[PDB]
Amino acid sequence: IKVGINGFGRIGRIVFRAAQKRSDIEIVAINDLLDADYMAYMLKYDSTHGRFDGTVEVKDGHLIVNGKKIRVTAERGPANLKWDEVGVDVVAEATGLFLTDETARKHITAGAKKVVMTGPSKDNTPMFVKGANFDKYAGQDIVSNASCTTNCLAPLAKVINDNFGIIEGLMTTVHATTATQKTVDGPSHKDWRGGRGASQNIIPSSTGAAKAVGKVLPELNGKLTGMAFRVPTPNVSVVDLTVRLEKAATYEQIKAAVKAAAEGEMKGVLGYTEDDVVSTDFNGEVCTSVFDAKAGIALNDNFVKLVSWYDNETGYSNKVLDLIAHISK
């Protein structure tokens, strides 16, 4: 019910905005390498999600949003974050630098009770994706909500595998531009393609989302692998999943299966549309996976190609809040 945010990046700020529209969660503390008046500016104005729908003021180095006061730190050593001072139960860790158990444990060292990582773990801290494996949470004090792309692929793949059985799958995501790319051709020694100008290029990139699903859904372990293309669009991405099915199924049977999940057990997580949509039509979508019925194709009853959209910022942020609420129940 009381959360602290570490890191005010794209993910951190959208997590903050989505928390305002909720009754179960109240953010009380924020940490980043930036001043308070600057954070008030970055929260007030956004090129992708418009102006902030509320009040923001700076009073004595602290933020006041909708009348509630937020404590603003800046220390880069998580041990001295004094989480117990304002007394936070869960910490949403969005630096992208402490995706390890050793580093993340500095937070509950500082007086929090649990830690949720807004990225895929690099050790073997457990991962959880809503609709995929929230059932199997076992009370751990540090968790991960996987990647933007894994939150879109896993719910769809569970529905397809449980109805028809997946023998093998290859996926490709047409991914929107992120903060790790460059405006003009620049240096990037880990990924040479990634340093090229994002505004002018289709940039192939590797991704771990397809094999990451094998851990949140052990049934498809080693049955999927994937690849990405980064394109000059500010937001919203799309997944293209090519799979072989054990049990034969027409395309209408697949539509009906997905449609039933989106209106049934996976309402709010999985979405369904039969309209002539484009990427902008999902700017601000909350579901982490919207099936596009009309864009998929089927060669035969056992070889099919499914496409599904996701807002790589909005839907992911909303689901880490659902993960925070789920681990405090």
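The first residue of the shown sequence is 1; numbering continues from there.
- Mean CA B-factor, 299-307 versus 22-30: the higher value falls on 22-30.
- A summary of the deposited B-factors shows that, of 100-108 and 132-140, the stretch with the larger mean C-alpha value is 100-108.
- The entry assigns its greatest Cα B factor, within the set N161, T149, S199, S121, to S121.
- The entry assigns its greatest Cα B factor, within the set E285, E57, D46, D276, to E57.
- In the PDB entry, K190 places in the highest third of its chain by CA B-factor.
- The deposited CA B-factor of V258 belongs to the lowest third of values across its chain.
- Sort the chain's modelled residues by C-alpha temperature factor and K267 lands in the middle third, per the entry.
- Ranked against the other modelled residues of its chain, the C-alpha B-factor of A210 as given in the entry falls in the middle third.
- In the PDB entry, a CA B factor belonging to the middle third of its chain's modelled residues is recorded for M171.
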